[PDB]
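Please treat every number below as a calculation from the coordinates, not as lab data. Note that we place each Cβ from the backbone using ideal geometry, even for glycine, and neighbour counts take in every protein chain shown.
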Amino acid sequence: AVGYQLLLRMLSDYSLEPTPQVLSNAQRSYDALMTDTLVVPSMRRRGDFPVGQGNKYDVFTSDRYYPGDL
Amino acid sequence: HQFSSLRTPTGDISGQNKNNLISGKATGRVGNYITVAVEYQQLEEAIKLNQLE
């Protein structure tokens, strides 16, 4: 990935043109890099959302509403 | 107050060395503050502690 990106950034120095196969290989490896790095977040509860009587907020949990983002 | 007495065998002695009256005092004052203070993040505090009881 790093080498292909450097190649794409450096061909202009020697005034050349990358080939479609080189472009495709660089795209595939860059997609692999994104696959490794990818992480997706989770949306927490708003913070004024009731927790419900079924969670035993009187004894088991001290919250009547969700804490929200930290 | 406290007093002391004399020992003489005579009675018409209305003029002599008497006692004295001195007043004392006992002074009480205030002390320094007994302070406990915390700084925190209310979200991490209220994850499991509502009303901070």
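Values as computed for the structure displayed
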read-out: Inter-residue pairs, beta-carbon under 7 Å, first free of Cβ contacts under 8 Å to residues at least 24 places away in the same chain and in region B:26-48, second of a type outside the set (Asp, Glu) and surrounded by 10 or more Cβ atoms within 10 Å (Cβ to Cβ), 6+ apart; value: B:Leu43/A:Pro67; B:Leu43/A:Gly68; B:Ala46/A:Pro67; B:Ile47/A:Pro67; B:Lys48/A:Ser62
read-out: Among the candidates A:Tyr57, A:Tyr66, residue that is closer than 30 Å to B:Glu44 by Cα, of a type in the set (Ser, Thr, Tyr), within 14 Å of chain B (Cβ to nearest Cβ) and touching a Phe, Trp or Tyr at 6+ places or on another chain (Cβ under 6 Å); value: A:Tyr66
read-out: Those residues of region B:4-53 which are among the small types (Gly, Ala, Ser) and part of a loop (DSSP other than H, G, I, E, B), in sequence order; value: B:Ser4, B:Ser5, B:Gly11, B:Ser14, B:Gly15, B:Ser23, B:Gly24, B:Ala26, B:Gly28, B:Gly31, B:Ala37
read-out: Flag for A:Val22 being farther than 26 Å from B:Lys48 by Cα, part of a loop (DSSP other than H, G, I, E, B) and not hydroxyl-bearing (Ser, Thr, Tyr); value: no
read-out: Single condition B:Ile13 does not satisfy, out of (1) under 42 Å from the mean Cα position of the chain (by Cα); (2) over 30 Å from A:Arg45 (Cα atoms); value: (1)
read-out: Per-region count, region A:20-64, residues surrounded by 12 or more Cβ atoms within 10 Å (Cβ to Cβ) and of a type in the set (A, V, I, L, M, F, W, C); value: 5
read-out: So A:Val40, is it over 30 Å from the mean Cα position of the chain (by Cα) and closer than 30 Å to B:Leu49 by Cα; value: no
read-out: Test for A:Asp48: is it within 30 Å of B:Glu45 (Cβ to Cβ), under 31 Å from the mean Cα position of the chain (by Cα) and within 14 Å of chain B (Cβ to nearest Cβ); value: yes
read-out: Tally of residues being in contact (Cβ under 8 Å) with a residue 12 or more places away in the chain and over 20 Å from B:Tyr40 (Cα atoms) across region A:49-64; value: 4
